[PDB]
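# Residue-level structure breakdown
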Amino acid sequence: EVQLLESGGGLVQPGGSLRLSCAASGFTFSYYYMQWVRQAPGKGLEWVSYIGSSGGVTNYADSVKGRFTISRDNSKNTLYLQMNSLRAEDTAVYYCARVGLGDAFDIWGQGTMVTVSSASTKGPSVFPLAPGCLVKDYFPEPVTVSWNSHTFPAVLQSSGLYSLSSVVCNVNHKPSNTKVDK
Amino acid sequence: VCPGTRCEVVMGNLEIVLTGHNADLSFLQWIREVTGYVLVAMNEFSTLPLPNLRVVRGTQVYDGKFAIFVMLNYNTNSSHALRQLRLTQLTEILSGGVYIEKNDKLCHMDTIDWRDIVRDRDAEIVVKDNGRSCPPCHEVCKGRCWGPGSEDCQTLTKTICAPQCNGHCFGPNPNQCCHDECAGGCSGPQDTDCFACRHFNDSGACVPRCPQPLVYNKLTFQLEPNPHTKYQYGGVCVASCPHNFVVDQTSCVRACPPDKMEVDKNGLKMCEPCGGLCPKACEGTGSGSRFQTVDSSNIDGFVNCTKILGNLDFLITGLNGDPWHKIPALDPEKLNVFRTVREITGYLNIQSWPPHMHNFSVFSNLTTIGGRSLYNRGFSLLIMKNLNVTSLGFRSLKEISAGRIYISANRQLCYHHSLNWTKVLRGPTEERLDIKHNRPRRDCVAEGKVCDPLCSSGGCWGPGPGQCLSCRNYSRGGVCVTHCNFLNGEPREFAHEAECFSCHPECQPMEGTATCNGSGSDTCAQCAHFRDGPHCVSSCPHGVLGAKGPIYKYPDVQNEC
Amino acid sequence: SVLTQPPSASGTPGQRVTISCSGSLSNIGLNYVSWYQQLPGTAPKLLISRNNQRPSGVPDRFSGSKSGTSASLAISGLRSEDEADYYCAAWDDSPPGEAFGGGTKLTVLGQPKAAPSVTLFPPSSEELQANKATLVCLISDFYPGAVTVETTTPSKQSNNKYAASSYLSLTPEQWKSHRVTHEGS
């Protein structure tokens, strides 16, 4: 059906580059302008860029101008976004929207999360409290903390790490292959 | 600043009618000035707390004679009634009278010198039939008071003074009168010692005009944005305009004038002059509109329209008329309504055109075609089967942002063969151009139906130097000229981006050399009158204000301020 | 190049709420206004297009309007399914781009006001012997989801209530140097 399928996102480091893809289907991709809108976790909707139907006009936000480059392949029905020199403040959920009648964004993508973090993978240090368990400093999310054989969502630490707690235990961190009980 | 019926100034009328035994009137504790009248009728509370109320103007009055109207504030059965009118700082009443009657339990009203509070000598003051069992004022009040307290005394101010100060004075001595910007009496001779302001107020200092946004700078002998630059918000000078309010040069108006637009240069929204016709978006025709084409019923709704949020379909049905004789034919003269249209967001579809109109010079001011809405099979511009159109006539058209171009079956169309669409059609041309089967190229060349010699290798929209895409030399009013009025002619002109512009006035026509270098008066060879610094003005600063005050200087012999 | 929306909006099941949207002549003044609804954990969808048009799926409850350089979003008949983020957008001319709004967080009440049950855990003894002594403050069961005490954002539970957690990283030396609000704490 009428669908804008996105791809190309993932975890990357500052300075790194990424190319986002947006495959169209169900409509004539060559007849519409296409948009890029990102949304940082906690922040609101932020306009990134847009391109003409024939790939003519191209304007960017001052936050990305020079680093990002929008393009399109009408023969392949795909909208691209060349994200170079990525900063930490570029971490967001990048949606691609089609302009419709009256320049309204009637069709959006599914999400594709883009993350720019300096902190690499790390082991979850567990420290048991006094009369549940505590999962401190781990990356990246998530961790399945189940007792034997209500859990609060982790916080975004100032170091880019995460700190999860559980109250009433098995703490398995798959990205670090860490299976430690305490 | 607050509306009538917290703040400090009450813009409107303070009306309190029919209130219960107990009411949180503590929100009225901070009120300094009332612009209208005070209405307190049929209430049941015991005290009206307005201790900071110093001035009640009275631009409009209740019962056509009273700036203060208080009556019937009691009950025939209950014991809840108005007993105290806490107006401990009530100093002046610029206009209107006072009516305090039928207040059964209200005391200390028959002891107030209202002639000192009321400034209008012809006003009516009726204070009677009030409290009966009323105790004397405090020994401090000296007979006149508002309540049984040491801080509830009436402060007398008004005093007959010298004819040098007509009414507005702070004592009998001539060297103790008020300022010219004082609405009534005052406390001192300074501008920061008045009861009420006659015009505005910077921060306690009544000035006839708030700090001008454009003041004179001692550095560059001209004008510059002022540090304060307080704007007029009615009666209070503010450096920043209120919520949503736009800055109208010197005033904070709710909405921009009909002859001005809401520009936003240095951050804040400012009302700048349109300079001709203000920008206006309009509903168009096509997929998403109300109509299949423009016609006798749509042509009138395009007046003063500069932007088309949509498209413009021109069908034979719209021109010739409705098949069911419902809507009459379109008067070709009414087509001139699109001469204001500068931009079309969607497409332009011209499938029909008046036979005696050999071009689209109606759209001679059309600048941009977006193509955000396409016609047929992805077209932004479709001109088909117009056997009368000799030339296009889109002289102002510089950009077609997207979509394809369909131009066919026009048979008599010329001047478009030499057009370099790449310099107009944004995006890789590829196969977006569908231009064929018009007037044969060989036929146009033979009859001289080609671009004017003063046009560059770009192309043209018709005959003459006015229909050129790019001039070989310069342009003057949309017309390709070989020379600008650099060294001779009137008015003397200069050049910018291959376009001619007239030099600033007060710059005499310099023969042999260039008169101007730029648009402003900062760039001239010499001044035709006076020269205030690096500028050329017709008159030295007669009475302009700067950061300190009025600035003026005599023409120093060789005409230099 | 941003449109101005109120940061928050509240109402009860069956009440009419309004979401205004300020702008300029560059954006709203010469272009169509569109509203976008974003349910928690989902992608935003088109709610209002071209000033006042509703797509097949948007009820007659929602109604957008435009007057000058400003626009509004009216929701007559509030429901517990309307609880989401509302953004307004408009094409901008002089700076060629899309002018988005800051965002409006519509909160649908209905549920009775509840006080959060705070559970604080002193620094772990196993942690205290590891050059650290972080505090663990757990917040649970409260409505509406808005509590000020790094700290997490209020998380909606399966109990239709909200939860939160606040951590305090410190030094073991400063730990023994010395021996949650919900609108009416």
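The name the PDB entry gives chain B is Receptor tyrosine-protein kinase erbB-3, with Homo sapiens as the organism.

The PDB entry annotates chain A as IgG H chain of Homo sapiens.

### Quick word on the overall build of chain B
Regarding its fold elements, chain B presents three helices and 33 strands. Its C-alpha atoms give chain B a radius of gyration of 36 Å, more than 25% over the compact-globule value 24 Å for 561 residues. If you line up chain B on its principal axes, its C-alpha atoms span 110 × 75 × 40 Å.

### Brief notes about the overall build of chain A
When helices and strands are counted, chain A shows zero helices and 19 strands. Over its C-alpha atoms chain A spans a radius of gyration of 20 Å, topping by over 25% the 16 Å that the globule rule assigns to 182 residues. Principal-axis analysis of the C-alpha atoms gives chain A an extent of 65 × 35 × 25 Å.

### Considerations on the domain arrangement of chain B
Its domain assignment divides chain B into domain 1 (1–158), domain 2 (214–273), domain 3 (279–450) and domain 4 (483–561). Between domain 2 of chain B and domain 3 of chain B, the C-alpha centre-to-centre distance is 41 Å.

### Section: the UniProt feature "disulfide bond" in chain B
Residues and elements named next belong to chain B. Of the disulfides listed in UniProt, the one joining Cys471 and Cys480 is reproduced in the coordinates: its sulfurs are separated by 2.0 Å, less than 2.5 Å. The UniProt disulfide joining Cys507 and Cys524 is present here, with an S-S separation of 2.0 Å. Linking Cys507 in the loop between β31 (500–502) and β32 (544–545) with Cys524 in the loop between β31 and β32, this pair joins segments that are 17 residues apart in sequence.

### Considerations on the state of the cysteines
Here, disulfide denotes a covalent bond that connects the sulfur atoms of two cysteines. Residues and elements named next belong to chain B. Sulfur-sulfur distance for the disulfide between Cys471 and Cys480 comes to 2.0 Å. Residues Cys471 and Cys480 are joined through a disulfide that is left-handed, its torsion about the S-S bond being -85°. Disulfide pairing is shown between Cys484 and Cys500; the S-S distance is 2.0 Å. Note on the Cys484 and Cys500 pair: the S-S dihedral is about -75°, so by sign convention the disulfide is left-handed. Remark: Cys500 occurs in strand β31 and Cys484 occurs in the loop between β29 (480–481) and β30 (493–495); sequence separation between them is 16 residues. The disulfide pattern of chain A is 1-2, 3-4 when the bonded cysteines are numbered in sequence order.

### As for the environment of B:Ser380
Residue and element names in this part refer to chain B. Note that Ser380 resides in strand β24 (residues 379–384). Along the primary structure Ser380 and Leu72 are separated by 308 residues, whereas in three dimensions their C-alpha atoms are 74 Å apart. For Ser380, the residues in contact, after removing those within four places along its chain, are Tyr347, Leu348, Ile369, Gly371, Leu374, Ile400, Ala402, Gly403 and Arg404.

### Looking at the interface of chain B and chain A
Interface size is commonly expressed as the accessible area that is lost once the parts come together. Each partner contributes to the interface: chain B provides 17 residues, whereas chain A provides eleven residues. The class makeup of the residues in the side of chain B that touches chain A is three nonpolar, nine polar and five charged.

### What to know about the sheet that holds strand β6 (residues 62–66) of chain C
Strand-to-strand pairing in sheets goes through backbone hydrogen bonds, with the strands running parallel or antiparallel. All names here are of chain C. An order of β3-β7-β6 is seen for the three strands of this open sheet, with the pairing classed as antiparallel. Each edge of the open sheet is held by one strand with a lone partner, namely β3 (17–22) and β6. The mean angle between the axes of side-by-side strands here comes to 15°, regardless of whether they run parallel or antiparallel.

### Side note on the interface of chain C and chain A
Taken together, the 38 residues of chain C in the interface contact 41 residues of chain A. Elements with a contribution of two residues or more to the side of chain C that touches chain A: β4 (33–38), β8 (85–92), β9 (97–101), α1 (125–128), β12 (135–142) and β14 (162–168) of chain C. Of the residues belonging to the side of chain C that touches chain A, the class tally is 16 nonpolar, 17 polar and five charged.

### Considering the sheet that holds strand β18 (residues 170–173) of chain A
Residue and element names in this part refer to chain A. Taken in spatial order, the three strands of this open sheet run β15-β18-β19, and their pairing is antiparallel. The sheet is open, and its two borders are formed by β15 (144–146) and β19 (178–181), each paired with just one other strand. The sheet shows a mean angle of 15° between the axes of neighbouring strands, taken without regard to direction. Sheet topology note: the β18/β19 ladder contains four bridges and is antiparallel. Within the sheet, the bridge partner assigned to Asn172 lies in β19 and is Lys179.

### Thoughts on the environment of A:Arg19
All names here are of chain A. Counting through the fold element by element, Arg19 comes out in strand β3 (residues 18–25). Along the primary structure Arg19 and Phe68 are separated by 49 residues, whereas in three dimensions their C-alpha atoms are 9.5 Å apart. Those residues within four positions of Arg19 in sequence are excluded, and the remaining contacts are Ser7, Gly8, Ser71, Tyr80, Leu81 and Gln82. At 3.4 Å, the side chain of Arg19 forms a polar contact with the side chain of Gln82.

### Observations regarding the pairing of strand β8 (residues 78–83) of chain A
Residues and elements named next belong to chain A. For β3 and β8, the ladder comprises six bridges, and the chain directions are antiparallel. Within the sheet, the bridge partner assigned to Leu20 lies in β8 and is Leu81. Alignment of strand β7 (residues 68–73) against β8, held across six bridges, turns out to be antiparallel. The residue bridging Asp73 from the neighbouring strand is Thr78, located in β8.

### Some details on the packing of aromatic side chains
When the centroid spacing of 5.2 Å and the interplanar angle of 70° are considered together, the rings of B:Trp353 and B:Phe360 count as edge-to-face. Between B:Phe360 and B:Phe394 the ring centres are 5.5 Å apart and the planes differ by 15°, which places this aromatic pair in the stacked class. You can see B:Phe360 sitting in the loop between β22 (348–350) and β23 (368–369) and its partner B:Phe394 sitting in the loop between β24 and β25 (399–400), a full 34 residues away along the chain. The ring centre of A:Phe27 lies 4.8 Å from the NZ or CZ of A:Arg98, which sits over that ring. Between B:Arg372 and the ring centre of C:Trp91, over which it is positioned, the NZ or CZ distance is 4.0 Å.

### A closer look at the environment of B:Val341
Residues and elements named next belong to chain B. Relative to the elements of secondary structure, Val341 occurs in the loop between α2 (316–320) and β21 (343–344). Between the C-alpha atoms of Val341 and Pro279, which are 62 residues apart in sequence, the distance is 9.2 Å. Sequence-distant contacts of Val341, defined by excluding residues within four places in its chain, comprise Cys305, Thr306, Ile308, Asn365 and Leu366.

### Observations regarding the pattern of salt bridges
For A:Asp73, the salt bridge goes to A:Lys76, with nearest N and O atoms at 2.6 Å. Salt-bridge contacts for A:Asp103 lead to B:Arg372; the nearest nitrogen and oxygen are separated by 2.8 Å. Placement of the pair is A:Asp103 in the loop between β10 (95–99) and β11 (105–107) and B:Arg372 in the loop between β23 and β24, with the two residues belonging to separate chains. What emerges from the salt-bridge pattern is a single network uniting A:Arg38, A:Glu46, A:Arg67 and A:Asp90.

### Overview of the side chain of A:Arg38
Residue and element names in this part refer to chain A. With respect to the helices and strands, the residue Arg38 is situated in strand β4 (residues 34–38). A polar side-chain atom of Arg38 sits 2.7 Å from a polar atom in the side chain of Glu46. Of the polar contacts made by the side chain of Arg38, one reaches the side chain of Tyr94; its length is 3.3 Å. With sequence-adjacent residues up to four places away left out, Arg38 is seen in contact with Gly44, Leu45, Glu46, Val48, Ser63, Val64, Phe68, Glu89, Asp90, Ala92, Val93 and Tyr94.

### Examining the pairing of strand β16 (residues 151–156) of chain A
Residues and elements named next belong to chain A. Across four bridges, the pairing between β16 and strand β17 (residues 162–166) is antiparallel. Across the sheet, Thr151 pairs through a bridge with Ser166, a residue of β17. As consecutive antiparallel partners, β16 and β17 are separated by five residues, and within that stretch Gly160 has a phi angle of approximately 90°, a positive value.

### Description of unusual backbone geometry
The linkage connecting A:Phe139 with the following residue, A:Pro140, adopts the cis geometry, with an omega of -5°. For A:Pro140, the location among the structural elements is in the loop between β14 (134–138) and β15. Going from C:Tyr143 to C:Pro144, the amide bond is cis rather than trans, its omega being 0°. Residue position: C:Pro144 is located in the loop between β12 and β13 (155–156). Non-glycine residue B:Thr229 carries a positive phi angle of around 55°. Mapped onto the elements, B:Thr229 comes out in the loop between β11 (222–225) and β12 (231–232). Even without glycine at this site, B:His437 takes up a positive phi of about 55°. Relative to the helices and strands, B:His437 resides in the loop between β27 (433–436) and α3 (441–446).

Rules and cut-offs
- Residues numbered from 1 in each chain as written, not as in the entry; some residues may be left out.
- Chains lettered and ligands numbered in written order.
- Heavy atoms only, no water.
- Residues with missing side-chain atoms left out of burial classes, pairs and counts.
- Helix = DSSP H or I, 4+ residues; strand = E, 2+ residues; numbered from the N terminus.
- Rg over C-alpha atoms; globule rule 2.2 N^0.38 Å.
- Domains from an automatic or database assignment.
- Disulfide = S-S within 2.5 Å.
- UniProt positions renumbered as here; feature names shortened; annotations may be inferred.
- Contact = heavy atoms within 4.5 Å.
- Nonpolar A, V, L, I, M, F, W, Y, C, P; charged D, E, K, R; others polar.
- Pairing = 2+ DSSP bridges.
- Axes fitted to C-alpha atoms, helices over the stretch in contact; angles between N-to-C directions.
- Polar contact = N/O pair within 3.5 Å; in protein donor to acceptor, adjacent residues only side chain to side chain.
- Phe/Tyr/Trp six-rings, centres within 6.5 Å; stacked < 30°, edge-to-face > 60°.
- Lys NZ or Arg CZ within 6 Å of the ring centre and 35° of its normal.
- Salt bridge = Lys/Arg side-chain N within 4 Å of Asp/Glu carboxyl O.

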